[PDB]
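1. below you'll find the sequence and an experimental structure to go with it.
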Amino acid sequence: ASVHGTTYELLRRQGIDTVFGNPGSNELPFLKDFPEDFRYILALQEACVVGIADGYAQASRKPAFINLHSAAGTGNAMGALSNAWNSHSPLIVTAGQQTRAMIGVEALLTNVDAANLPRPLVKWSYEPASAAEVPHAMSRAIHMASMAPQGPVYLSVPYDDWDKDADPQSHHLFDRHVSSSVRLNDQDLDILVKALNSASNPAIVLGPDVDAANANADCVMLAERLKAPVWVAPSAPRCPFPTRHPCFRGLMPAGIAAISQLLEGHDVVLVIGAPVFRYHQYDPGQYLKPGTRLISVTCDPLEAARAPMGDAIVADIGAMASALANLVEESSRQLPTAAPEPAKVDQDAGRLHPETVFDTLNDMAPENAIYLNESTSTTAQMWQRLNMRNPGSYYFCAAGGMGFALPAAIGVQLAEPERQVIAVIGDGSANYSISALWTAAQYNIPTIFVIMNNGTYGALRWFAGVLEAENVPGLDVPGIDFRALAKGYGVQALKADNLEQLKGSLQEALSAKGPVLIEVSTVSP
Amino acid sequence: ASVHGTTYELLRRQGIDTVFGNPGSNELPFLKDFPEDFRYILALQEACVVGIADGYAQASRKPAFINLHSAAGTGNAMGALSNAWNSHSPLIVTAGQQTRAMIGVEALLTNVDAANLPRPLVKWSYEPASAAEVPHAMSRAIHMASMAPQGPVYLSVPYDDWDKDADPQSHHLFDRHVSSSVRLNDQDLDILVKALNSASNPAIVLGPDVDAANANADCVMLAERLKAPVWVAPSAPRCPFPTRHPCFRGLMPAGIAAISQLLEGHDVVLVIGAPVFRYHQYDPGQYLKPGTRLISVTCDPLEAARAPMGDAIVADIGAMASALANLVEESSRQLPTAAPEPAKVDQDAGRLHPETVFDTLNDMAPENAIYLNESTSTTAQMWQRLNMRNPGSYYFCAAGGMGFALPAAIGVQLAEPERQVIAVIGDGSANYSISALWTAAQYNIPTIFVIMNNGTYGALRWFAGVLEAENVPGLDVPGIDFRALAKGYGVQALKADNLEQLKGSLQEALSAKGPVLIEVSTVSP
Amino acid sequence: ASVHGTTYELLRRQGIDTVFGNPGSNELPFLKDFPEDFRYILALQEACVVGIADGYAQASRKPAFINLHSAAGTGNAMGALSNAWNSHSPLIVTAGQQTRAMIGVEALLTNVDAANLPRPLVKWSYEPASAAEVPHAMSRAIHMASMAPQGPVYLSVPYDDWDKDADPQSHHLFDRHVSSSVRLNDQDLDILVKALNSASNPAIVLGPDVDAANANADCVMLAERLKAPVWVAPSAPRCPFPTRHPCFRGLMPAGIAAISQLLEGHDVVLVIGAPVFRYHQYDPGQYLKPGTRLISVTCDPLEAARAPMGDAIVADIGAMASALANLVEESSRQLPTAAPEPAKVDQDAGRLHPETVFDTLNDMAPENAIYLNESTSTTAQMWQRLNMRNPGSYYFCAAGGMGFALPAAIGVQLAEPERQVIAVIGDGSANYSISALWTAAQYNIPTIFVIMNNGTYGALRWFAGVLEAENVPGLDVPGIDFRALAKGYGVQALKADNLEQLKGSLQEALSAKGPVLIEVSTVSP
Ligand SMILES: Cc1ncc(Cn2c(C)c(CCOP(=O)(O)OP(=O)(O)O)sc2=O)c(N)n1
Ligand SMILES: Cc1ncc(Cn2c(C)c(CCOP(=O)(O)OP(=O)(O)O)sc2=O)c(N)n1
Ligand SMILES: Cc1ncc(Cn2c(C)c(CCOP(=O)(O)OP(=O)(O)O)sc2=O)c(N)n1
Ligand SMILES: [Ca+2]
Ligand SMILES: [Ca+2]
Ligand SMILES: [Ca+2]
Ligand SMILES: [Ca+2]
Ligand SMILES: [Ca+2]
Ligand SMILES: [Ca+2]
Ligand code: NA
């Protein structure tokens, strides 16, 4: 067998059937004779390739496979890799290298010092020392991306390797099963459960690894048994809990003092599946107030090591959430009462307030919609106004890096063809990965893109206010026609300058059979 | 003085007055109170920011200063950095880091292991250990980017550093002058000159560092004195010689055997300002034929070390080209005769052959036009058909990475406001950095963009033919309307479906007062 | 509080009370005012500092703390770090940096690019961005070294940081408890247990992480219930099983084909606490024969990813070994019968055969002796001839790197003051870390060092035979007087040129109250 045949066999035997890619000439010997059981999803720039694969992996809860061109293609994808690192996304990033005979001379298209290029944003990065090693290196990449804590990996392969003979012993790679589905030992788990049962006023804080593990329903059972309020850890990349459940308390503020004030009076705070904590603004004060202790369950040793307070347990989130939910006692405390509905903001017949947009989306979208957020100044309102009952219903760029939501919404829609995806993206953020629209058109992936057009980088005006920073250049983005950009890439486009037109465009988009972009005129900050 | 005030003083005293950027919140404390003597050039994605700065640096022959946001902004720019590394572009890339007090907890927007992120594509990469060190670290960045061999550098700065007090001794940085303008010692230079004077059939091969050094006119004098044919080294990022001078022989084929066959019969081959060599296709055979010896003058030790044949001298290209041109004897051999004009290819009233497009551009463009090339299947025809008499007249992505020419054409036009820039870009390549069009519109930078629309990644069909690779996915890019994309970003747009409309659109574009995009329907390969 | 006071408080609250070090001037501000409850163990070169700390950590099963001088001190220790990486040793390596104000100028003693220096041999490597961050960075180092898979970490600290004020919130670091004591979830564990109960001819292979976890006794119970033969995985750094238990089958040969032939006929092979596998010689063939399947339990994702065959479970070895030993059924198969005693080799009245030395050590040493091995050509005989009943009884350089056993034997003896340590070290290996002898003398740590003096690098003659390599320089080491080297560093020294003198020197050494070196004249290969 050739290295090409053996490597595609390993991929299919490990459950991989889709290649997300933008091709080049070091990759043609891999892509030739492409197997009939695989698909190839082309995107026009590599941030878009990786964003699409990232949405697909996060929504499918399985690894996604990427093929990029050498150093320039890998490099175009590195902002997308920053977000994938912070969302623990299992991405297998492959890139083609020059033929071994010209690597030393640094022929055009040589990826020099290849394994160092995507560091520090990958768990494992490698170029094999011979062609026969390629299937074993691919096996390492698959398992490194997929074991907890999941994350992106990188493999560079000289183009001449594919046609070489494979090692006949590579068949032992095909059916390897590797598990990291582990939980705390019984004695120490019993100690944790007794601490939770004994707490007088527990709180629960949930992060994105809960949604990645599909541990959401176990966390609902846990919060119901403990009768405990539930927040989402700050800077949230995913939604880990039903947002209209009575225990839900919303997104935590991303500040040290704000969080310790929020948690004041809670004797035990159990954090599951989150870093402790993804603060943003600098809000110095106490990490926790006197009387509060914190316990974190995390799948990632790096998160356990860096927490500035609390105890930690490094284990699988699905296995731990299931065990805790089934072992804790039902408290005789009263269940928390649901938060009140948000108020309706006053809306005239002109430009839309973001609050009006989210209320109208909540009124009209299906109950199993999936939302993505890259409208950076409106996140708090989005979390207050969208009822997200089901797992896998929310994604936000985990490293804060623009350029994620537009392509990731296409990958999520490909992973979840029966759930309508609605990406809410600012006019600033929409540009970073605008060419991803083409992939939605070409493959007829029916994502809805709602562009919140207020003419400016609104969140940077907000943060400038926090810093009291004046005379800052580069904050306005006037003069972009998003219906013409959508037409450029083959996507149907609608405009909404007022609430009547917002309702009409959403009705048309929800009834459409392909992707649709709606440009919404929103109020200037 | 504050670190902010001291750092902007150092920049202006070192000749920097423009910041190319896409802002974020770790950068607002640097950008606030932006000095009145500086400009800020916004672009909507970081590949575009860096591409624009790269064109500006290459055309101005001076360092360009960039400010990006943390890891995601730096990462979005890394394919642009791959090209800048291979063009020796002096780029000072700065990125903002979180406040020092939250780096350890990895707050949102922390650039983890920052200095390792852009490696291996930078000459120097650093984050200072204290605020007071920031001006000295910036001084190091300026000089590292600017000394031979020039190239990109990276500096990460915690946002809280800017408002701190500067070291009063930082004033000694402001006027430092650092020179690498060096040439081979007199005794060894005299040995080289005697070898050139004694050659019976010398050849000259020139690379991009000749054009970077503005050594073009000295190389013309050298070739006239030696009566020697002149080629351009393969995979050329720049044009180092007048293309209709009698000595000019064109772009070398990018293959080992093809180059040694071309050079057969030449006893001494002098390479100036090029790697030896940027081969592309694998074309194994002899590096040089018996009877040919090679001497390379390069500004880059890495190029001298990796050449597989020949002697080398590591020195400044401007200083060496001037010395050689003024020291060699005038040979009594006959001057080489000019190559014949290219033939006119047959053209019907339908889609345009690329040969027709380049002939029409050569007929209509000013004699001091500047061309950029990212039309990958038509490079050989472009080099045969455009008379480029002057330095700084051609740029092509030096690492072969798509996404360079569209933004770089805007930076070159900003650097050379009296020379019309004409970027010839394939329909595939145009997508990688499409949002750069917005910067041309907003600042009214009057670049002309000629999009060669043949519906496919034509060069990858070519390379697939070379490999005899069949059943390759992802090679076609149908369904893109480039006039709608140009309208989306505010640029005037024209279409040319035949030769009459090509001539009319070029006349309109050359008479326009702002940027113009022309979509040309070209023949399918 | 100062950073100095807060950092020593964090260390003591996390169970650290000993600093292994060789001092320098960047470290004096850390070491000044050394707390009365800490000890400092000086060694004269940094390979020896780290080797001693490594033996101490491995034997105590807890992290050991090291302080080295800048880049040169760290660099002198990097061969010791290679062994610590492959033994999963929890080492917290700290090094002093220049004062922040002169790092940029690269004053003498600046550790440039410090965090990159010990990579790739550490799990985590860092220099803090401010003085106040130092206690949190130390907390990260402690937990990163101690969480599974354990391993060395590195922290560089500018010397001016120690006297600065600490962050008042650093107290939340002092009592953090972090656990990685996890095992496979109940459903999948029940599947594994049923596979073991159903096997017709199971085998068990154990590696060093069994001894690190003190899982040895649980593995004896497991092998007794399964009635299964037990081997030790190749290139063994530790001894994980009693070597005269009836199930014990010895050290596996370090070859691919040799291992699959050994395992032929075993239907399920359970590997616990080992890489799969640390082969050495290249012995190509099948990884496993038809009819054998392999299951690996490992604490290290990198080991699970790279195994070329089998299933894997990534979990804590102590927790998994305990669960399996208590859940499997007692098989009705007959218990394996003990291997026969090794034969006595013929010994004349001259130089000693290694077999005679190990038989005499086994006859005379206490039953709770601890052995170290750096006598590279005699490993197989050592494993056959020493009855090691107890955990923690054997150490061998895990990366194969010379210079481990001499210093590590001193650290093991410090960790286990009531168990006699006997280091068996070749005359070649003894030189690499010879100055460690001084620390044993100065602190009166009563290690016994048995130097096997055959005048040559015996194992390299063996491997040269395997390669059929002739005319190799550098294999002989004549002319070393080890009793004079021991006298040089203050250690009592004895010579044994025959068996009578070997017995007399061992009796004298076992009765001594301080360290003793015995130089044994062994037969030339
Ligand atoms: C890759 C990248 N570049 C720049 C930024 C900085 N950035 C920018 C540019 C923001 C403004 C996004 O504007 P928008 O129009 O999408 O939304 P708002 O107007 O609601 O803020 S928010 C933010 O952090 C970033 N985070 N990531
Ligand atoms: C960043 C990046 N991604 C992909 C490629 C691979 N690539 C691609 C995609 C080419 C086709 C460009 O198509 P075009 O339409 O611009 O021009 P032609 O049709 O004349 O080839 S040429 C080439 O090397 C690349 N070099 N750089
Ligand atoms: C740091 C280092 N340097 C060199 C070696 C190579 N080496 C050497 C030099 C060996 C010979 C050790 O000789 P010895 O006298 O200690 O024992 P034998 O004579 O029994 O082999 S075995 C071996 O792998 C090594 N592994 N580690
Ligand atoms: Ca099919
Ligand atoms: Ca906006
Ligand atoms: Ca001005
Ligand atoms: Ca094309
Ligand atoms: Ca004391
Ligand atoms: Ca020896
Ligand atoms: Na990198």
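-> Received the coordinates, thanks. Numbers count the residues shown, from 1 in each chain, chains lettered A, B, ... in the order given. Ligands and ions are numbered 1, 2, ... in the order given.
2. for the stretch 301-450 of chain A, give the residue positioned nearest to ligand 1.
-> Of all residues in the stretch 301-450 of chain A, the one sitting closest to ligand 1 is residue A:426 (2.1 Å; Cβ to the nearest ligand atom). From N, CA and C alone the C-beta is placed, and that goes for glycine too.
3. ok, residue A:319 to residue C:209 distance?
-> 21 Å (Cβ to Cβ, to the nearest Å).
4. wait, residue A:219
-> 33 Å.
5. repeat that for residue A:422.
-> From residue A:422 to residue C:209 the distance is 49 Å (Cβ to Cβ).
6. stretch A:90-106 near chain B at all?
-> Yes. Stretch A:90-106 reaches chain B (Cβ under 8 Å from any Cβ of the partner chain) through A:99, A:101, A:102, A:104, A:105, A:106.
7. look at the fifth one and tell me its secondary structure.
-> Yep, that's residue A:105 we're talking about. coil (DSSP: H, G, I helix; E, B strand; the rest coil).
8. contacts only, for it.
-> Taking Cβ atoms under 8 Å, 6 or more residues apart in numbering or on different chains, we find residue A:105 in contact with B:277, B:279, B:306, B:307, B:308.
9. okay, and the residue nearest to the last one when sequence neighbours are not counted sits in which element?
-> Looking back up the chat, that one is residue B:308. Distance criterion Cβ to Cβ, 6 or more residues apart in numbering or on different chains; nearest residue to residue B:308, sequence neighbours excluded, is residue B:287 at 5.4 Å. Residue B:287 belongs to no helix or strand when assigned by DSSP states H and E.
10. you'd agree residue B:287 is up against residue B:257?
-> No. With contact defined as Cβ atoms under 8 Å, residue B:287 and residue B:257 do not form a contacting pair (9.1 Å).
11. strands of the stretch 301-450 of chain A, residue ranges please.
-> A:311-314, A:370-374, A:394-396, A:421-426, A:448-453 (DSSP state E, counting those that start in this stretch).
12. give me the residues contacting the third one.
-> Pointing back at strand A:394-396 there. A:55, A:58, A:211, A:236-239, A:370-374, A:379, A:386, A:388, A:404-405, A:408-409, A:412.
13. now that we have the contacts of residue A:105, which one has the most neighbours?
-> Of all these, the most densely surrounded is residue B:277 (28 neighbours; neighbours counted as other Cβ atoms under 10 Å in any protein chain shown).
14. give me every residue that touches it.
-> Residue B:277 neighbours (Cβ under 8 Å, 6+ apart): A:105, B:233, B:234, B:252, B:254, B:259.
15. same list (those residues) but as JSON lines, adding secondary structure.
-> Shown next, in JSON lines, are the contacts of residue B:277 (three-state DSSP):
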{"residue": "A:105", "secondary structure": "coil"}
{"residue": "B:233", "secondary structure": "coil"}
{"residue": "B:234", "secondary structure": "coil"}
{"residue": "B:252", "secondary structure": "coil"}
{"residue": "B:254", "secondary structure": "coil"}
{"residue": "B:259", "secondary structure": "helix"}
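16. so how many other residues sit close to the residue in the stretch 351-500 of chain A that ligand 7 sits nearest to?
-> Closest to ligand 7 within the stretch 351-500 of chain A is residue A:438: 14.2 Å, counting by Cβ to the ion. Applying other Cβ under 10 Å, we find 24 residues neighbouring residue A:438.
17. quick check: phi and psi at the residue of chain A found nearest ligand 10.
-> Using Cβ to the ion, residue A:119 is the residue of chain A that sits closest to ligand 10, at 4.6 Å. Residue A:119 adopts backbone torsions of phi -70, psi 140, taken as degrees, to the nearest 10.
18. what's the neighbour count on it?
-> Look at residue A:119: counted by other Cβ under 10 Å, it has 16 neighbours.
19. show me what contacts the closest residue to residue A:503 other than its chain neighbours?
-> Leaving aside its sequence neighbours, residue A:503 sits nearest to residue A:360 (Cβ to Cβ, 6+ apart; 6.3 Å). Residues near residue A:360 by Cβ under 8 Å, 6+ apart: A:499, A:502, A:503, A:506.
20. check residue A:492 too.
-> A:486, A:512, A:514, A:515, A:516, A:517.
21. try 6 Å
-> Residues in contact with residue A:492 (Cβ atoms under 6 Å, 6 or more residues apart in numbering or on different chains) are residue A:516.
22. quick check: phi and psi at it.
-> Per-residue torsions, residue A:492: phi -60, psi 140 (degrees, to the nearest 10).
23. so how far is residue C:413 from it?
-> 78 Å.
24. report the buried residues of stretch A:77-90.
-> For stretch A:77-90, a neighbour-count test (16 or more other Cβ atoms under 10 Å in any protein chain shown) marks A:77-90 as buried.
25. most neighbours among the residues of stretch A:90-106 next to chain B, which one is it?
-> Within these, residue A:102 tops the neighbour count with 23 neighbours, counted by other Cβ under 10 Å.
26. and it, what element?
-> helix A:100-103.
27. got the CA positions of that helix in PDB?
-> Provided in PDB are the C-alpha atoms of helix A:100-103 (Å, rounded to 0.1, in the frame of the first residue of the first chain):
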ATOM      1  CA  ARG A 100      12.400  16.200   0.700                       C
ATOM      2  CA  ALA A 101      15.100  16.700  -1.900                       C
ATOM      3  CA  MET A 102      14.600  20.500  -2.000                       C
ATOM      4  CA  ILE A 103      13.800  21.300   1.600                       C
END
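28. what's the first helix or strand after it?
-> Assigned by DSSP H and E, the successor of helix A:100-103 is strand A:125-126.
29. I figured residue A:146 hits residue A:90, correct?
-> Yes. Checked against Cβ atoms under 6 Å, the pair residue A:146 and residue A:90 is within contact range at 5.2 Å.
30. what sits closest to residue A:473 if chain neighbours are left out?
-> residue B:40 (3.7 Å).
31. give me the number of residues near that neighbour?
-> 15.
32. so it lies in a strand, does it not?
-> Yes. Assessed by three-state DSSP, residue B:40 belongs to a strand.
33. please report how far it lies from chain C.
-> Using Cβ to the nearest Cβ, to the nearest Å, residue B:40 is found at 27 Å from chain C.
34. and residue A:495, by the same measure?
-> Taken as Cβ to the nearest Cβ, the span from residue A:495 to chain C is 47 Å.
35. using the three-state scheme, assign that residue.
-> Three-state call for residue A:495 (three-state DSSP): strand.
36. from the stretch 201-350 of chain A, which residue is nearest to ligand 5?
-> Nearest residue of the stretch 201-350 of chain A to ligand 5 (Cβ to the ion) works out as residue A:350 at 17.0 Å.
37. pop out the phi and psi values for the residue nearest to that residue when sequence neighbours are not counted.
-> Closest residue to residue A:350 apart from its sequence neighbours, by Cβ to Cβ, 6+ apart: residue A:498 at 6.2 Å. The phi/psi pair for residue A:498 (degrees, to the nearest 10) reads phi -160, psi 180.
38. do you know how far residue A:498 is from chain B?
-> According to Cβ to the nearest Cβ, residue A:498 and chain B sit 22 Å apart.
39. residue A:341 too?
-> Residue A:341 is 29 Å from chain B, by Cβ to the nearest Cβ.
40. for residue A:346, same thing?
-> 30 Å.
41. so how far is residue A:380 from that residue?
-> 18 Å.
42. compare neighbour counts for those two and give me the winner.
-> A count of neighbours by other Cβ under 10 Å puts residue A:380 above the other of residue A:346 and residue A:380, at 12 against 8.
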